[PDB]
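To start, the structure under review is shown below, and the notes come after it.
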Amino acid sequence: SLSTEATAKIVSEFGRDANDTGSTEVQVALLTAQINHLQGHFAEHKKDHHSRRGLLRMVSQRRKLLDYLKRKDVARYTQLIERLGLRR
Amino acid sequence: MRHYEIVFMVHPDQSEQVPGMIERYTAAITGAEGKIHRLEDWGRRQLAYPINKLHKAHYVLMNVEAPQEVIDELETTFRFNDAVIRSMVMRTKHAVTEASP
Amino acid sequence: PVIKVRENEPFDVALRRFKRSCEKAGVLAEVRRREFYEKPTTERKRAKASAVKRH
Amino acid sequence: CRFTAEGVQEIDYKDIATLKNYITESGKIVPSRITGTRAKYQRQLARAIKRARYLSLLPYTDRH
Amino acid sequence: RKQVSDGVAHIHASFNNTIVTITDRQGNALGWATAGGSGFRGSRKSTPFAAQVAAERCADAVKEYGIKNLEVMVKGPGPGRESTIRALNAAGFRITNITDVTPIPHXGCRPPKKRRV
RNA sequence: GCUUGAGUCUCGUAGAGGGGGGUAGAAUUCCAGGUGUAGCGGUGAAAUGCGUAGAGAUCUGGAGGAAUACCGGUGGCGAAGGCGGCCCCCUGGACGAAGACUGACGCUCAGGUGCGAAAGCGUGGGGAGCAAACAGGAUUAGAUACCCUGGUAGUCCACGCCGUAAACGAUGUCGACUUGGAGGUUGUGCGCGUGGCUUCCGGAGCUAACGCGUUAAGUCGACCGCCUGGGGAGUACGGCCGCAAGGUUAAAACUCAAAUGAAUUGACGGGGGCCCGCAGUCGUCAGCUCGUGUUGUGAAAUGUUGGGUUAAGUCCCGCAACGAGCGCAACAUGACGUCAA
Ligand SMILES: CN(C)[C@@H]1C(O)=C(C(N)=O)C(=O)[C@@]2(O)C(O)=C3C(=O)c4c(O)cccc4[C@@](C)(O)[C@H]3C[C@@H]12
Ligand SMILES: [K+]
Ligand SMILES: [K+]
Ligand SMILES: [K+]
Ligand SMILES: [K+]
Ligand SMILES: [K+]
Ligand SMILES: [K+]
Ligand SMILES: [K+]
Ligand SMILES: [Mg+2]
Ligand SMILES: [Mg+2]
Ligand SMILES: [Mg+2]
Ligand SMILES: [Mg+2]
Ligand SMILES: [Mg+2]
Ligand SMILES: [Mg+2]
Ligand SMILES: [Mg+2]
Ligand SMILES: [Mg+2]
Ligand SMILES: [Mg+2]
Ligand SMILES: [Mg+2]
Ligand SMILES: [Mg+2]
Ligand SMILES: [Mg+2]
Ligand SMILES: [Mg+2]
Ligand SMILES: [Mg+2]
Ligand SMILES: [Mg+2]
Ligand SMILES: [Mg+2]
Ligand SMILES: [Mg+2]
Ligand SMILES: [Mg+2]
Ligand SMILES: [Mg+2]
């Protein structure tokens, strides 16, 4: 999983504060960081199906949070996907 | 850094080579900004069963804080040293300083 | 199961000490268990059955 | 259970004097139903014994 | 005909037969007998009595070596585990040790399939 | 807008969760050599087989593969399939404590997509043990079997395919609510609490019954999947998928008046326990019944079972049964019935 330090950085960049761990932007940024990190794992470990199920849950959760944010605030949504480099 | 507990046991004829090996292996670790929390030379003990005809071996314990690569490097040294008949490297959660049984 | 026959001990006492060491170690039951292959399904069924009658 | 009573956290593979209480003379690990070890400590004990056996601090069997 | 004060009796007690082999303590065989080669075939071969007679005849086979004391290595589950050792005692050997040496795999190889009798 | 559903963060906990790499000890087989000598092996009994060209046994050295005794547990983990020596590397989930944070972001899900035991298939490796096929030996009326001696695919590894199993709790997922008892396992607060997971018993209720019973098959709500007599048939045709084996979707004509579930009384078993007998009929065997009560929706059950004891349902003691009749016994005598004898 993501380190305490790497997590704390992401909360600082995308959150309102260090305490603001709940915001959709932070949550999406955290999921994105771990999805990107795990690409190296699954490149090496192609038949780690059990861990991949956890990755696909991260992907699905991110998709649901982005869809929530899109319909709640299109502008924040647009900013976020630019910063994180997501298609949608 | 990660905390490791290392046991290795040396061929009883190379018991006199062990002080040089200990100071060499600790030199490898200290050079990587690593720490030595414990270092016990248990000396020649009776083996519970024969390992490669031998009935005794010279045990050395050391608890170490280091990067994983220098530990990986130290395991390859044990592999390719015929004096080192057997070794075990174990992750520990915390540092261990206090003396063993 | 390894008995050293102790001094001024008769042979029956030596031999029953060997018998008791064997039954404690469980040699013959382990041999009889390993004579034939038991499918894992059969093993689990046996384990469950023993448990249901233990309780 | 001694390990619970005596406040033990991690059973040490190096503590051969302790481990010898939980093996038979054949070298086999004694069941928890005999010794009254708690399940959590029985698992630690089994691991400790298997490490000790690897390092030839304990025998696997009474006939090497 | 060399003298061999101390020896080892190896008892191979299978379900079908008993082989008694007396060796020196290097494991060089000095003499042997079997339940099958002692006037017992089929059902009688796999009995404690046939194992007794095998042990008696093995003691006769090693008469000239002057073996006085024996260790006993017992191997297998068969009917001639105990009766063999009693016979070696009756033959006038000093039994010093008794050891079970039955092979037990620590898992090992898949055994043959169960018989559907 | 809100924080109660859902989610994020912090600290910690247990775990055969997964992927990769390394390594240990036991054992089997094989090879080489020593000692030793007539058997070994196998079965119900044998024989095939192995062995004087020195087996089997025993000791020493070596090679190689596969699986990890004990621990071990109605134990643990995983969506399911499944996962078990030890060590390291990479990695998924769960749970608890105390807050902080987001602010309905949720539940379910046709089509879709992924994962999916074993066998099987492709290419390349590997091959100890085991073992479809196959061969021989037995058994038998025969024995294309069961048993024995061998033994190839396969079982193992890499990568790809297959997509099925009594893939089962034969029980879809999510949420709420509704008496108890005894355990297991794993957290945590001060003997006493409080969470998670799990096993057994049982209450109301439910159920055709069996049973289920806060882990519901109870009481409700949301959404999905599926059924509509037995066969024909999960078959044909068509489509799609597959290297193939085949999978998946899925009819009709025709045919029967049943098929089926659970439970009841018998009878029967090459099921178990306990007894008896020189081991017209069954059989002089000790049985067979009824009234009333009670239990069950009901067929029925109880009594008549049970602990003892007896030649005996003989007698005693217990018991939702309480009594009674025909038998037993007592004073040759054949209970209710059976064989359309
Ligand atoms: C008209 N309708 C579309 C029918 C239908 O609903 C079918 C179904 N499975 O529900 C068919 O299979 C149906 O579509 C269909 O395919 C039919 C058939 O294939 C055949 C064939 O091939 C040969 C004989 C009879 C039939 C059949 C009577 O079963 C056909 C019925 C078809
Ligand atoms: K080495
Ligand atoms: K949907
Ligand atoms: K083969
Ligand atoms: K009923
Ligand atoms: K559904
Ligand atoms: K019909
Ligand atoms: K009645
Ligand atoms: Mg066999
Ligand atoms: Mg983990
Ligand atoms: Mg692999
Ligand atoms: Mg397979
Ligand atoms: Mg293949
Ligand atoms: Mg075979
Ligand atoms: Mg066969
Ligand atoms: Mg199916
Ligand atoms: Mg299953
Ligand atoms: Mg099951
Ligand atoms: Mg089903
Ligand atoms: Mg679970
Ligand atoms: Mg119940
Ligand atoms: Mg079909
Ligand atoms: Mg088709
Ligand atoms: Mg009656
Ligand atoms: Mg009467
Ligand atoms: Mg009564
Ligand atoms: Mg009368």
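Order of the sequence lines sets the chain letters (A, B, ...), proteins ahead of strands, with each chain counted from 1. When reading the values below, keep in mind they use all heavy atoms of this one structure, side chains included, and skip hydrogens, waters and symmetry mates.
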Query - Where the sugar of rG232(F) falls when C1'-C2'-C3'-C4' decides north versus south - result: north

Report task. Please verify, for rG7(F) and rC101(F), whether Watson-Crick or G-U wobble pairing holds with both distances under 3.5 Å? Result -> yes

Query raised in the report: Are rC95(F) and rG12(F) base-paired in the Watson-Crick or G-U wobble sense, both distances less than 3.5 Å?
Result: yes

Requested in this report: Please determine if a side-chain N or O atom of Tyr4(B) lies less than 4.0 Å away from the OP1 or OP2 oxygen of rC89(F).
Outcome: yes

Query raised in the report: Among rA27(F), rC40(F), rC148(F), which nucleotide sits nearest the side chain of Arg41(E)?
Result: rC40(F)

Requested in this report: Return the value, rounded to whole Å, for the distance between atom CE of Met90(B) and atom P of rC87(F).
Outcome: 6 Å

Query raised in the report: Phosphate oxygens OP1/OP2 of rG92(F): is one of them under 4.0 Å from a side-chain N or O of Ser1(A)?
Result: yes

Report summary line: Of the candidates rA100(F), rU102(F), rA57(F), the side chain of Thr24(A) sits closest to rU102(F)

Report task. Tell me whether the OP1 or OP2 atom of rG42(F) has a side-chain N or O from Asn17(E) closer than 4.0 Å. Result -> no

Query - Given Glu5(B), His37(B), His94(B), the one that forms side chain to side chain donor-acceptor pair (under 3.5 Å) with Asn63(B) - result: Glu5(B)

Report task. Return yes if the base of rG41(F) and the side-chain atoms of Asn16(E) contain a donor-acceptor N/O pair under 3.5 Å, otherwise no. Result -> no

**Report entry** Pair present between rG106(F) and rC212(F), Watson-Crick or G-U, 3.5 Å cut-off
**Finding:** no

Query raised in the report: Is the phosphate of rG25(F), meaning OP1 or OP2, less than 4.0 Å from a side-chain N or O of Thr61(D)?
Result: no

Query raised in the report: Can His50(A) be called stacked on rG18(F) when the rule is centres closer than 5.5 Å and an angle between planes below 30°?
Result: no

Report task. State whether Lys46(A) places a side-chain N or O below 4.0 Å from either non-bridging phosphate oxygen (OP1 or OP2) of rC90(F). Result -> no

Query raised in the report: Can you find an N or O donor on one side and an acceptor on the other, under 3.5 Å apart, linking the side chain of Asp48(A) with the base of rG18(F)?
Result: yes

Query raised in the report: With both atom distances required to be under 3.5 Å, do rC190(F) and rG291(F) make a Watson-Crick or G-U wobble pair?
Result: no

Requested in this report: Could you tell me whether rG51(F) and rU164(F) make a Watson-Crick or G-U wobble pair, using a cut-off of under 3.5 Å for both distances?
Outcome: no

